[PDB]
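Q: The data below comprise the sequence and an experimental structure of the protein.
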Amino acid sequence: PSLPX
Amino acid sequence: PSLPX
Amino acid sequence: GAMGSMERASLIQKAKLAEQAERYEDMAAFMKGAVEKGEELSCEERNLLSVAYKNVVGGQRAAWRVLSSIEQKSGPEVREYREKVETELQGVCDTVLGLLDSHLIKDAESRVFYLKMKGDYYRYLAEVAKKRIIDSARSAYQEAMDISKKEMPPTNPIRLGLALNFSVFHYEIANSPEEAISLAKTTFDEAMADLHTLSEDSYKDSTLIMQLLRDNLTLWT
Amino acid sequence: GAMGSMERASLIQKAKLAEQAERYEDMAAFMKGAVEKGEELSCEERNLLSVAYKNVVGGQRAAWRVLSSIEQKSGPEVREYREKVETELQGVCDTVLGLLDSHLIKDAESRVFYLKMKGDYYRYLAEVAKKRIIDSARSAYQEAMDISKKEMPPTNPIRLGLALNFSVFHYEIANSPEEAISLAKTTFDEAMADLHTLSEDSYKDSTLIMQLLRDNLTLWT
Ligand SMILES: *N1CCC[C@H]1C(c1ccccc1)c1ccccc1
Ligand SMILES: *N1CCC[C@H]1C(c1ccccc1)c1ccccc1
Ligand SMILES: [Ca+2]
Ligand SMILES: [Ca+2]
Ligand SMILES: [Cl-]
Ligand SMILES: [Cl-]
Ligand code: NA
Ligand code: NA
């Protein structure tokens, strides 16, 4: 669940 | 709008 | 061939893994290797070959339509990049048509399946072209129609799918909406008239395609 | 370079067309060519480079996770194809890290931006590895944290995004959920405490990332 884009 | 797959 | 050293069964196995991973380029390469082993494809394997390559060119066609749309609204950058995508798309179509002619086109259903494919990928080449291409698509579609009407029941999904794509050819390519409508209506009407010919192992695909035929008829009228 | 003959401005232009067409491989190649012209990237260009490559490796990571999952459930076919995808993924990460070290890593925000990238792509290599990789990721993340805390406001989206990905590093990679929680909470709490530092030209990204920090805190507790 990291930075989306 | 052709055959999907 | 890049897949020449791999066993046929392992190529089929990896084509299925690539499908699960949505790696359709890899999937297409594995199936090409399987075809190049020189043996006929089963029904399941035919679908894998279709799934693989139709997804590859599908993404290229969608990209081409975007770039073409930008190009019509209008430096040489847009044209150049559109040409780049166009050339790559034509390469995949040439590959598929090469497999069909060299290995696959030679069972009525299988013969119709591959002739339908040939019409599709000539149709995709015609979308970016010419006419030397359209007549090749029509000839493939028409030959596939002749076989299906003689050899396969009116609800058979390969027969139905062929007619749907052939009707789309008439409408979008040939600019012949009248032939597209009559064919789509005849196909649907004859499927309903002999609805009892649905097969226990394919009725879901038949009904799916019958609905898609109706959907297009709704739009075209 | 494959893009050596093309003008920098045309490469940027085509990177934007590729983005519109969802051709992220082409987009990444165009931006690599732009970086190799040797000039600094603007804020807009940095985002294009990030968008391009993160989408490429994203698809490879998703494919790798699928194949790895199949492999754990379990012929050599699954391992072999998983290794194929793994090697390709490592190649893209090596390319990005090569660009960062050779051209981009040398403005506080830009320095943090590229050091964050380095931590991300070392983190992606660690997901498939080792520790010689994790310490490289931590060192990049930590150095980026030091700069952001001294030079950038607590609501700055690059600072916030760095902390979010660094907290994910602590949680998923280092298996240190305590450092991941304290960092994510400190980052969020300090953003709210100085909420007045939101910028007219980036507040949408700040609030987006603040919410993503809260979302992860909700899961981790
Ligand atoms: N995804 C799209 C824009 C860049 C990237 C992140 C990001 C990269 C580097 C530093 C901070 C954030 C992002 C995600 C959402 C909104 C803005 C930026
Ligand atoms: N798309 C997935 C399966 C093959 C392809 C079509 C099709 C190909 C060849 C002949 C007839 C149809 C398709 C689409 C939906 C349901 C079944 C088959
Ligand atoms: Ca009847
Ligand atoms: Ca305050
Ligand atoms: Cl180009
Ligand atoms: Cl493999
Ligand atoms: Na061989
Ligand atoms: Na040059």
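A: Cool, got the structure. Numbers count the residues shown, from 1 in each chain, chains lettered A, B, ... in the order given. Ligands and ions are numbered 1, 2, ... in the order given.

Q: Where is the longest helix in chain C?
A: helix C:43-73 (DSSP state H).

Q: quick check, it touching chain B?
A: Yes - residues of helix C:43-73 contacting chain B under CB under 8 Å from any CB of the partner chain: C:50-51, C:54-55. Using the backbone N, CA and C atoms, a C-beta is placed for each residue, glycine as well.

Q: Neighbour-wise, which one of those leads?
A: Using other CB atoms under 10 Å in any protein chain shown as the neighbour criterion, residue C:54 leads those with 22 neighbours.

Q: Kindly report the residues of chain C close to chain B.
A: For chain C, the contact set with chain B under CB under 8 Å from any CB comprises C:50-51, C:54-55, C:120, C:161, C:164-165, C:168, C:209, C:212, C:215-216, C:219.

Q: filter the residues you listed to the buried ones?
A: C:50-51, C:54-55, C:120, C:161, C:164-165, C:168, C:209, C:212, C:216 (16 or more other CB atoms under 10 Å in any protein chain shown).

Q: which one among these gets closest to ligand 2?
A: Nearest to ligand 2 out of these is residue C:161 (CB to the nearest ligand atom; 2.8 Å).

Q: who are the neighbours in contact with the nearest residue to the closest one once chain neighbours are set aside?
A: Take residue C:161 and drop its neighbours on the chain: the residue closest to it by CB to CB, 6 or more residues apart in numbering or on different chains is residue B:3, 5.0 Å away. Residue B:3 makes contact with C:161, C:164-165, C:209, C:212, according to CB atoms under 8 Å, 6 or more residues apart in numbering or on different chains.

Q: Spell out which parts of chain C neighbour chain D.
A: By CB under 8 Å from any CB, the residues of chain C that approach chain D are C:10, C:13-14, C:17-18, C:20-23, C:26, C:59, C:62-63, C:66-67, C:70, C:75, C:77-78, C:80-81, C:84-85.

Q: Apply 7 Å and report the result again.
A: With CB under 7 Å from any CB of the partner chain as the criterion, chain C meets chain D at residues C:10, C:13-14, C:17, C:20-23, C:63, C:66-67, C:70, C:77-78, C:81.

Q: The residue nearest to residue C:161: which element?
A: Using DSSP states H and E, no element contains residue B:3; it sits outside every helix and strand.

Q: quick revisit: would you turn the buried ones among the residues of chain C next to chain B into CSV with distance to residue C:195?
A: Shown next, in CSV, are those (distance: CB to CB, whole Å):
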residue, distance to residue C:195
C:50, 26
C:51, 28
C:54, 28
C:55, 31
C:120, 27
C:161, 17
C:164, 17
C:165, 22
C:168, 23
C:209, 13
C:212, 16
C:216, 19
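
Q: Could you look up the SS state of the residue lying farthest from the centre of chain C?
A: Centroid-distance maximum for chain C: residue C:75 at 35.5 Å, with CA atoms, centre = their mean. At residue C:75 the chain is in coil, as set by DSSP: H, G, I helix; E, B strand; the rest coil.

Q: Please report how far it lies from residue D:16.
A: 12 Å (CB to CB, to the nearest Å).

Q: list residues touching both of those two?
A: When CB atoms under 7 Å, 6 or more residues apart in numbering or on different chains defines a contact, no residue borders residue C:75 and residue D:16 alike.

Q: number of nearby residues for residue C:220?
A: 15.
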